[PDB]
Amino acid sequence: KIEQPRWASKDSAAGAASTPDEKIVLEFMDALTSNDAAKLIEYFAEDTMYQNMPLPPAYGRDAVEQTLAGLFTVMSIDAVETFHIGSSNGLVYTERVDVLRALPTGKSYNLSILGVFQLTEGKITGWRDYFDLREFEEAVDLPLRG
């Protein structure tokens, strides 16, 4: 289902959480498959932001929650695999694939993502995922800018 890329690191520590903040980010990655905005919002600070970089940002925990609730109305996150995780200066970075299934069409796509997370006292204060939107949209037959 998710295959291992040729460029995957051979350093085990590169694929494992190596700090307390990295551990929380991997727990959050595991939780994504719940498709549950109310569960996921508990990982967030009140003063926070979320952006899927092809689309506009959400600022503040309520906007974040409302975005996730909309997302999970249209798609399921069926699987997440994080190949690489690392961190510096209060930012955690994840190189991953998320398997996304469009609820209106039944079609799925393996989306390659590089994301960044800012944690303050173990809660998410920023989350930005970078990826290409058009290939995903074309694969699952749903225009994801509206």
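So that there is no doubt, residue numbering starts at 1 and follows the sequence shown.
Chemist: Should the higher mean CA B-factor in the entry be assigned to 113-121 or to 33-41?
Modeler: The deposited B-factors put 33-41 ahead on the C-alpha mean.
Chemist: Do the CA atoms of 90-98 or those of 24-32 have the higher mean B-factor in the entry?
Modeler: Taking the mean C-alpha B-factor of 90-98 and of 24-32, the larger value falls to 24-32.
Chemist: Could you place residue 138 in the lowest, middle or highest third of its chain by Cα temperature factor, using the values in the record?
Modeler: Its C-alpha B-factor, which the entry lists for residue 138, ranks in the middle third among residues of this chain.
Chemist: Against its chain's modelled residues, does residue 57's Cα B factor rank lowest, middle or highest third?
Modeler: Its C-alpha B-factor belongs to the lowest third of this chain's values.
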